[PDB]
There are 2 protein chains.
Amino acid sequence: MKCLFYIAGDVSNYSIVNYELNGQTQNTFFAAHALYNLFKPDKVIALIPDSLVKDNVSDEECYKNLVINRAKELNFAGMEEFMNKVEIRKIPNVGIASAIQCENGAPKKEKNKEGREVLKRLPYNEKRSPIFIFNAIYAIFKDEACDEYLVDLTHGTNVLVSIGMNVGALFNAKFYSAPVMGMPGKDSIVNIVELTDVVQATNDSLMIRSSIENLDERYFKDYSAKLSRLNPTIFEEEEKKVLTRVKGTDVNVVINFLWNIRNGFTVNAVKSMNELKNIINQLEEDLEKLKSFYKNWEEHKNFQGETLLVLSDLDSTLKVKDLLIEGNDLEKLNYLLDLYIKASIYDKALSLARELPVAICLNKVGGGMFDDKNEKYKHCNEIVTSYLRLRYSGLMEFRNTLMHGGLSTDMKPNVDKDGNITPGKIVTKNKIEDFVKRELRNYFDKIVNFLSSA
Amino acid sequence: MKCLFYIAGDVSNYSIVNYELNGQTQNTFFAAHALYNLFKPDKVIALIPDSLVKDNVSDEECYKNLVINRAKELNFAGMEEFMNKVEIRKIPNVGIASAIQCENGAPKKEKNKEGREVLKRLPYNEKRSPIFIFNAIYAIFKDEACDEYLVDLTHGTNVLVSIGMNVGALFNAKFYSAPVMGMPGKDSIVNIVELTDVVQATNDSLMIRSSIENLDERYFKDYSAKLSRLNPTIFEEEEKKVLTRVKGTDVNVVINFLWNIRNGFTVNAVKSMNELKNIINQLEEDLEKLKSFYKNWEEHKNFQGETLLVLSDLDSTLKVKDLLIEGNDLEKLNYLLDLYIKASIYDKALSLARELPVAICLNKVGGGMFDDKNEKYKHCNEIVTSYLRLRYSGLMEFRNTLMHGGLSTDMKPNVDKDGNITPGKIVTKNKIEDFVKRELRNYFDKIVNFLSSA
RNA sequence: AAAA
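What counts and how
- Residues numbered from 1 in each chain as written, not as in the entry; some residues may be left out.
- Chains lettered and ligands numbered in written order.
- Part of a larger assembly, values for the part shown.
- Heavy atoms only, no water.
- Helix = DSSP H or I, 4+ residues; strand = E, 2+ residues; numbered from the N terminus.
- Rg over C-alpha atoms; globule rule 2.2 N^0.38 Å.
- Buried < 20%, exposed > 50% of the residue type's maximum accessible area, 1.4 Å probe, protein only.
- Contact = heavy atoms within 4.5 Å.
- Areas by Shrake-Rupley, 256 points an atom, 1.4 Å probe, with all protein chains shown as cover.
- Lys, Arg positive; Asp, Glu negative; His and termini not counted.
- Charge placed at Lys NZ, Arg CZ, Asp CG, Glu CD.
- Least-squares fit on C-alpha atoms.
- Pairing = 2+ DSSP bridges.
- Right-handed = clockwise from strand over helix to strand, strands pointing away.
- Near = heavy atom within 4 Å.
- Polar contact = N/O pair within 3.5 Å; in protein donor to acceptor, adjacent residues only side chain to side chain.
- Expected span 1.5 Å × (residues − 1).
- UniProt positions renumbered as here; feature names shortened; annotations may be inferred.
- Buried area = accessible area lost by both parts, 1.4 Å probe.
- Salt bridge = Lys/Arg side-chain N within 4 Å of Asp/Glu carboxyl O.
- Axes fitted to C-alpha atoms, helices over the stretch in contact; angles between N-to-C directions.
- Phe/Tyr/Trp six-rings, centres within 6.5 Å; stacked < 30°, edge-to-face > 60°.
- 1 Å grid on protein atoms, 1.4 Å probe; cavity = no way out; pocket = protein on both sides within 12 Å on 5 of 7 lines; lining within 4 Å.
- Points joined across faces, edges and corners; volume = space filled by probe spheres on them.
- Nonpolar A, V, L, I, M, F, W, Y, C, P; charged D, E, K, R; others polar.
- Disulfide = S-S within 2.5 Å.

Structural notes on the overall build of chain A
Check the secondary structure of chain A and you find 16 helices and 18 strands. Relative to the compact-globule value of 22 Å for 454 residues, chain A shows a C-alpha radius of gyration of 32 Å, a clear excess of over 25%. For the C-alpha atoms alone, the extent of chain A along its principal axes is close to 100 × 70 × 40 Å. The buried share among the 454 residues of chain A stands at 57%. In chain A, the share of contacts with a sequence separation of at least 24, taken over all contacts with a separation of at least 6, comes to 68%. For chain A, the exposed area adds up to about 19,700 Å²; of that, 46% sits on carbon and sulfur atoms. Where the 60 positive side-chain charges of chain A centre and where its 64 negative ones centre are 4 Å apart.

Given below as structure tokens:
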């Protein structure tokens, strides 16, 4: 069900500290145990790098005894029922380190220089690839099977913690880390910091960036709820005014813009362009002020506790500026044609290349409505349709196939007695790709060049 | 252009140690300096937490003097060409970390034996949000205006390092980390591990997962090249036997499956389903064996250096198993309709809902071809078209609108003398979403229920 | 704050 994963470090350098989270204190010498008592996950998994403990039979059993040895030192009540419950799973490491030479699952001892000390087998040298370490931790997470993943990033090497964070990200883990000062001591009430929001904020930004790149709103993570809930407890004059502007950013108009583009509502997408231009012009202003605020963060201490205003979400939204152009609605539609081409939306690109010359034609004749009852449209459409069938036979063929899809007269499939269908034509993946990406612009530009003379 | 970023720690417990990267060798007391003369970047940014030091005038100048104070104790032999060109930028922190006092241009300190002990500030308490820290670091990265980002995750608090890693990810940074593992005692040759590949492998998996989720091949990160260029020099009989299978996984058939689905080649997508079923049935077998290999990684040390085989890339690909179903091509197309609905591909869902009942009808009559010359098709199409226009007027309307898009008779826009277009029907995002997500399946099931009696 |  709920599993706590933690990467192990050298316990001989641990002291009793009073870890804190929301006021619910936990007195221990390692953060993993504190988080166990707080969250109380059903399964606890500690990853121990081969860099640490080493023995003749079981390194996992030596680590279990190493922790109870530092529980017998400093006189701690726990580690008997706890370490018995913990599932110890060994992981690979890289670089040079010092391991411990245990006798028989019990770490050994030998007095060197000052007095009794663990005889560390100082040389350990292994060259491993971080993705080998990644694959080792991944397999543990995957086959472990949990409904809720909890990852402790407090203890362990910076290499293993970063690797563990990226594994956890693929299992929708909650991340925790409890950083402390160099040997604090008694009554050290250090805070456990949750990092879940930070890993989500970066995933959200990469998704927002790709959403504008591939003209898809399904990838745009809507931060409407975050901004609407955002409120300054204490606001210090013009740190209240700029937040008012940010809270009022129409992120819904951006999502709708991407929806219309994706779904082929080309006239609506283009009509929204000037509104969007004013949305991101304000967003540019807001972000410069917010950037300046966080660059001189010492003066805007009021934002120190805020979790709803994330700079990357807003900065990633500024990319939508690339989807915008200045000019008449025909020039805006012409730009959109190029956008569909780059984004590999073959269907929408071909339909726009077919219909835009009719509108171009209509404009030349003084205007009209896309309706069969309109004489100007009737003749304008007849001209572009017949000119396309006369010269650009390929354009018109790809258009109708993409428009009607597989189950259609355009593809001529055959349905049998058994309920099985055999395609009637070949789906030319690279020919469609090639035509749109290499000739649709050159062809369109020639069609519109001809229709200018009209 | 190329610029290095590092987060700072207490220079107090730092010893002069040699480093290693691509065979390069460099001796210093902190990894950031080693990486500086290894790569030689145009700018170097020193991110210093507010818990690190505290001066009456400039905390950045005290850190600048703190590092030269530690350089003096033993032979630093440097900082006359690295201490000039480094931009010190203060960052916020969290917790009860103990700060260290500063006065004008000096860090003070007192003897109290052991030579001259560090003047610990002793108590500091700040409760900040990790996204506030994230926004602070983001603003620094964003406004630094760099072409190539390089991030050092060796030094600093585990909270600040993980936060820095997620910021770096949004700037396409290369990540490096060199942990010590114990008492160095000079030299030791601590190795700097690059983590770029690990952060990319997880981003790639999230993209692969979303690609299957939204039926889009543009998001699927192709790992064919990795797989082909993968061959360990020494390989066991059981290792080779299963790696041979992995190297032969037809990831191209999965990408093509997603291409046909996105572009509406529904018959072809459905025909590929059985082939795909075998592709994933083997990939499951290989994943169980590889998972077992990485779970018992101590026996398969041949993989210890491999960077091409990423478990997450293959495991994420297994999600395509959800896109598959058993049954005749009509039953497979029926399932695909539900897939288009869940994926919010309104155009493809409505065209399939319109054409699938014609095929259903054709099957009942013993089969036929989707062609106007076929009598069975002619009548079958006439029946579903008239039944849809009779009972499901809405379905037929949304279908043609989405099929022809904005510039069409289906939307009736009006073109001006000025070249500006005013939409005709302005059909909303919600009316379309609600209809297909809430009614399309119930309506389709009733259409097919009726056509069974045929 | 290079196995808090």
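Some thoughts on the side chain of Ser51 of chain A
For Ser51 of chain A, the location among the structural elements is in the loop between strand 4 (43-49) and strand 5 (53-54). When neighbours within four sequence positions are excluded, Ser51 of chain A is seen to be in contact with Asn93, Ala97, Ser98, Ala99 and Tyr124 of chain A together with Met181 of chain B.

Quick notes on the relation of the copies chain A and chain B
Superposing chain A onto chain B takes a rotation of 180° combined with a translation of 0.1 Å along the rotation axis, leaving an RMSD of 0.8 Å. The relationship between the two copies is best expressed as a two-fold rotation axis. Of the interface residues in chain A, 97% have counterparts in chain B that sit at the interface too, so the contact is made through matching surfaces.

Quick word on the pairing of strand 14 (residues 174-177) of chain A
Residue and element names in this part refer to chain A. In this structure, strand 13 (residues 148-152) lies alongside strand 14, joined through 3 bridges in parallel fashion. Paired with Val151 across the two strands is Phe175, which belongs to strand 14. Between strand 13 and its parallel partner strand 14, the chain crosses via helix 5 (residues 158-169), and the hand of that crossover is right-handed. Pairing analysis gives 2 bridges linking strand 14 to strand 15 (residues 193-194), with the strands arranged antiparallel. In the sheet register, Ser177 faces strand 15, and the bridge partner there is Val193.

Concerning the protein's contact with RNA strand C
Taken together, 38 residues surround RNA strand C, and among them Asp10, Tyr14 and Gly156 of chain A together with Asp10 and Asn158 of chain B come closest. Sugar and phosphate atoms constitute 45% of the interface atoms of RNA strand C, taking the interface as everything within 4 Å of the protein. At 2.8 Å from a base nitrogen of RNA strand C is found a side-chain nitrogen or oxygen belonging to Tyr19 of chain A. Here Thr154 of chain B contributes a backbone N or O atom positioned 3.0 Å from a sugar or linking oxygen of RNA strand C.

Here we look at helix 5 of chain A
Think of an α-helix as 3.6 residues a turn; residues three or four steps apart then line up on the same face. All names here are of chain A. Given a rise of 1.5 Å per residue, 12 residues ought to cover 16 Å, and the 17 Å separating the end C-alpha atoms of helix 5 matches this to within 8%. The element helix 5 is largely enclosed, with a buried count of 11 among its 12 residues. For helix 5, the full list of buried residues reads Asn158, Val159, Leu160, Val161, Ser162, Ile163, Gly164, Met165, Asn166, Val167 and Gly168.

Structural notes on the sheet that holds strand 8 (residues 99-101) of chain A
Residue and element names in this part refer to chain A. Ordered by their spatial adjacency, 3 strands build an open sheet running 5-8-11, and the pairing between neighbours is mixed. Two strands in the sheet have a free side with no partner beyond their single neighbour: strand 5 and strand 11 (120-121). Sheet topology places strand 8 next to strand 11; 2 bridges connect them, and they run antiparallel. Each bridged residue has a counterpart across the sheet, and for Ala99 the counterpart in strand 11 is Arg121.

A closer look at the UniProt feature "domain: CRISPR system endoribonuclease Csx1 CARF" (unreviewed entry) in chain A
In the numbering used here, UniProt assigns the feature "domain: CRISPR system endoribonuclease Csx1 CARF" (unreviewed entry) to residues 9-159 of chain A. Between the C-alpha atoms that bound residues 9-159 of chain A there is a distance of 12 Å. The span itself is 30% helix and 26% strand.

With respect to the interface of chain A and chain B
The interface of chain A with chain B comprises 147 residues on the first partner and 150 residues on the second. Taking both sides of the interface into account, the surface hidden between chain A and chain B amounts to around 12,600 Å²; carbon and sulfur atoms contribute 60%. Looking at the side of chain A facing chain B, the largest losses of area belong to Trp297, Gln304 and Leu407 of chain A, adding up to 6% of the total buried there. At the junction of chain A and chain B, the tally comes to 15 salt bridges. Between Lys412 of chain A and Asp371 of chain B there is a salt bridge; the shortest N-O distance is 3.1 Å. Across the chain A-chain B interface, the total number found is 65 residue pairs in polar contact. Ranked by the residues each element gives to the side of chain A that touches chain B, the list is headed by helix 6 (residues 196-213) of chain A, at 12 residues.

Regarding the sheet that holds strand 4 (residues 43-49) of chain B
All names here are of chain B. Pairing within the open sheet is mixed, and its 6 strands lie in the order 5-4-1-6-7-9. Both outer strands of the open sheet, strand 5 (86-91) and strand 9 (193-194), are each paired with one neighbouring strand and no more. The sheet contact formed by strand 4 and strand 5 spans 6 bridges and is parallel. From the neighbouring strand, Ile48 faces strand 5, where its bridge partner is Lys90. Lying on the sheet, helix 4 (residues 158-169) is in contact with strand 1 (2-7), strand 4, strand 5, strand 6 (148-152) and strand 7 (174-177); it crosses strand 7 at an angle near 160°.

Side note on the packing of aromatic side chains
All names here are of chain A. Per the counting criterion, the structure on display carries 52 aromatic pairs over all chains. The interplanar angle of 70° and the centroid separation of 5.6 Å between the aromatic rings of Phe435 and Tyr443 together place this pair among those described as edge-to-face. Exposure remark for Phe435: the relative accessible area of 10% places this residue in the buried category. Using a relative accessible area of 29% as the deciding quantity, one classes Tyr443 as partly exposed. Pairwise contacts between aromatic rings join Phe5, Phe134, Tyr138, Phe141, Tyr149 and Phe171 into one cluster.

Some points on empty space enclosed by the protein
What the rule picks out here adds up to 12 cavities of 30 Å³ or more. Each pocket or cavity is described by its volume, and for the largest cavity that value is around 320 Å³. Residue lining of the largest cavity: 29 residues in total, with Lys348 and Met403 of chain A together with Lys348, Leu402 and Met403 of chain B positioned closest to the centre. Of all the secondary-structure elements, those providing two or more residues to the lining of the largest cavity are helix 13 (346-364) and helix 15 (393-404) of chain A together with helix 12 (346-364) and helix 14 (393-404) of chain B. Across the lining of the largest cavity, the residue classes break down as 8 nonpolar, 13 polar and 8 charged. Forming the boundary of the second largest cavity are 13 residues, of which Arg262 and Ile345 of chain A together with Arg218, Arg262 and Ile345 of chain B lie nearest the centre.

Regarding the state of the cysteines
Counted under the stated rule, the structure contains 6 disulfides over all chains. The side chain of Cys361 of chain A participates in a disulfide bridge whose partner is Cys380 of chain A; the two sulfur atoms lie 2.1 Å from each other. Handedness of the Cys361 of chain A-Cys380 of chain A disulfide follows from its S-S torsion of about -85°: it is left-handed. In this pair, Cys361 of chain A sits in helix 13 while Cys380 of chain A sits in helix 14 (residues 375-390), placing the two residues 19 residues apart along the sequence. Note on accessibility: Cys361 of chain A and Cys380 of chain A belong to one class, buried. Put simply, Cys3 of chain B and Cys146 of chain B are joined by a disulfide, and their sulfur atoms are 2.0 Å apart. Across the S-S bond linking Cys3 of chain B and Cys146 of chain B, the dihedral sits near 135°, which makes this disulfide right-handed.

What to know about the pattern of salt bridges
One side chain can pair with another of opposite charge once the charged atoms of both are near each other. Scanning the model with the defined rule gives 71 salt bridges over all chains in all. The salt bridge partner of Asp347 of chain A is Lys348 of chain B, with a shortest N-O separation of 3.3 Å. Within this pair, whereas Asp347 of chain A is found in helix 13, its partner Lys348 of chain B is found in helix 12, the two belonging to separate chains. One network of salt bridges, in which partners are shared, links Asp216, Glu217, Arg218 and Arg262 of chain A together with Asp216 and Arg218 of chain B.

Regarding the UniProt feature "coiled-coil region" (unreviewed entry) in chain A
Per the UniProt record, "coiled-coil region" (unreviewed entry) is annotated on residues 266-300 of chain A. For the annotated span residues 266-300 of chain A, helix accounts for 86% and strand for 0% of the residues, and the straight-line distance between the end C-alpha atoms is 43 Å.

Focus on helix 1 (residues 31-39) of chain B
All names here are of chain B. Within helix 1, 7 of the 9 residues are buried, which leaves the element mostly enclosed by the surrounding structure. Those residues of helix 1 hidden inside the fold are in contact with strand 1, strand 2 (17-21), strand 3 (24-28), strand 4, strand 6 and strand 7. At the exit of helix 1 stands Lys40, carrying a positive phi of roughly 60°.

Examining the environment of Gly23 of chain A
Checked against the element boundaries, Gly23 of chain A lands in the loop between strand 2 (17-19) and strand 3 (26-28). For the pair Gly23 of chain A and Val427 of chain A, spaced 404 residues apart in sequence, the C-alpha to C-alpha distance is 63 Å.

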